[PDB]
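Okay, structure first, notes after.
Residue numbers (the entry's author numbering), protein chains in the order written: chain D, 418 to 556; chain E, 22 to 132, 139 to 236, 247 to 269.
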């Protein structure tokens, strides 16, 4: 799940280690979302990636039920004993595991695993190093 | 369990067949989400069959269709009876109605399967009637002339009077042929879908004046290649 999440939004979140050895999440603010005044079009510190939790709970269901529909369609066609046993067992196991994504401990584990994938070496010390760029309220 | 084929079809095969909601090229429209489609005959008959299996098991559907330059005869009757007692549509009454519409359409362009459906009743305003005649294709101002003639018709008034109907006229909407209709089995908002009582057939001569068919496909106005019915 962490790899799929990184595949779909590996460009909006980064993780780096601070001076205290604590992982820190950064989010790239885009227009049209709740946010303070003046941080548009620039990164911001995130103590806890709430947007990541909301996304993994809401938009992942799209791929989940899409693949469920694909399995159902593939089961529709007639074949040998494979459709009678293997696809049925796979569908049962998958529908059993579908509800996991709404659990809290599962989400925490997924986030902790994705911390490794979203890691970007040499990000904190290269932050705000360009003297010719000055962040303002419009960008 | 079945009906899933319908959403899979709509999302995958029918997705490429997008039509403008306000465009007149569309033929099949669903009012659930305001989707308008202009599909060719293939997926048309496919969705007809699918809706047939759905109606075999049940459920409620809200599909619509609009009559184009060529279509059959679909009419709506707002029979607001005085009392909520069923006047069962006897074969003589249906024969009288068929003969009256026959003689009404004789004095027009000429070169027939008759399908009758009614309300499940138990409702204020009593029931209504929707006769469907998809044999011919004369969707033009002649349909408006026929609508006016039936509005001025008196035999159907006494035919309804024989059934104890206090609404001899005004049941047929003047815009019957100029508004979209619904396929058989398409229910109304908070209303049970209609049921068929009997389906008969006959033939017209240019000189001398049921569970064995795909009923949705046959009754479709835009389905020229139906089996039971033919595009006269």
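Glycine residues also receive a C-beta, built at the ideal position from the N, C-alpha and C atoms.
Your pair residue 192 (chain E) and residue 118 (chain E) does not check out as a contact, with CB atoms roughly 13 angstroms apart and the cut at 8 angstroms.
Uninterrupted alpha helix (DSSP H) stretches at least 4 residues long and entirely within the region 39-100 of chain E occur at 62-78, given in chain order. When secondary structure is reduced to three states using DSSP, residue 532 (chain D) falls in the helix class. Not one beta carbon of chain D lies nearer than 8 angstroms to the beta carbon of residue 40 (chain E). Within chain D, the C-beta atoms nearer than 9 angstroms to that of residue 25 (chain E) come from 486, 489, 490 and 493, in chain order. DSSP, read as helix, strand or coil, puts residue 517 (chain D) in helix. Our two residues, residue 162 (chain E) and residue 52 (chain E), have alpha carbons roughly 27 angstroms apart in a direct line. Taken atom to atom, the span from the alpha-carbon of residue 70 (chain E) to that of residue 64 (chain E) is near 10 angstroms. At a cut-off of 8 angstroms, the C-beta of residue 54 (chain E) has no neighbouring C-beta in chain D.
Among the residues of chain D, none has a CB under 9 angstroms from the CB of residue 144 (chain E); the nearest is roughly 32 angstroms distant. Apart from sequence neighbours up to five positions away, the residues of its chain that approach residue 132 (chain E) with a beta-carbon distance below 6 angstroms are 269, ordered along the chain. Rounded to the nearest whole angstrom, the C-alpha separation of residue 490 (chain D) and residue 54 (chain E) is 24 angstroms. Nearest in C-alpha terms to residue 172 (chain E), of all of E:160, E:198, E:188 and E:126, is E:126. Across the structure, residue 169 (chain E) and residue 450 (chain D) are spaced so that their CA atoms are roughly 58 angstroms apart.
Closest by C-alpha distance to residue 544 (chain D), out of D:435, D:426 and D:470, is D:435. Under a 10 Å Cβ-count criterion, residue 92 (chain E) is classified as buried, with 16 or more other Cβ atoms of the shown protein chains found around its own Cβ. Distances from the CA of residue 257 (chain E) to each of E:23, E:88 and E:33 were compared; the closest alpha carbon is that of E:88.
Going by C-alpha positions, residue 99 (chain E) is about 16 angstroms away from residue 179 (chain E). Between the alpha carbons of residue 455 (chain D) and residue 74 (chain E) lies a gap of roughly 58 angstroms. If you ignore the 5 residues before and after residue 83 (chain E), its C-beta comes within less than 7 angstroms of the C-beta of 51, 52, 53, 213 and 214, all in its own chain and listed in chain order. When Cβ-Cβ separations below 8 angstroms define contact, residue 29 (chain E) makes contact with chain D. Every beta strand (DSSP E) stretch that sits fully inside the region 186-236 of chain E and reaches 3 residues is listed by chain position as 222-228. Take the alpha-carbon of residue 68 (chain E) and the one of residue 46 (chain E): they are about 18 angstroms apart. Of the residues E:260, E:66, E:226 and E:234, the one whose Cα lies closest to the Cα of residue 115 (chain E) is E:226. In this structure the region 504-511 of chain D lies against the region 472-489 of chain D, because at least three pairs of beta carbons, one per stretch, are closer than 8 angstroms. Its chain contains 254 as the residues whose beta carbon lies nearer than 6 angstroms to that of residue 260 (chain E), once the 5 sequence neighbours on both sides are disregarded; these appear in chain order.
Annotated three-state conformation of residue 28 (chain E) is helix, per DSSP.
Closest by C-alpha distance to residue 108 (chain E), out of E:155, E:36 and E:265, is E:155.
DSSP assignment within the region 419-488 of chain D yields the following whole alpha helix (DSSP H) runs of 4 residues or more, N-terminal first: 419-426 and 467-475.
In the three-state DSSP reduction, residue 160 (chain E) falls in the strand class (E or B). The secondary-structure analysis by DSSP pairs residue 145 (chain E) across a beta bridge with E:156 and E:222. A residue is called buried when at least 16 other Cβ atoms come within 10 angstroms of its Cβ; residue 86 (chain E) meets this threshold and is buried. Taking a 10 Å sphere around the C-beta of residue 511 (chain D), we find fewer than 16 other C-beta atoms and assign the residue as exposed. Looking at the DSSP output, residue 140 (chain E) sits in a beta bridge with E:228. In this structure, the alpha-carbon of residue 66 (chain E) lies about 46 angstroms from that of residue 524 (chain D).
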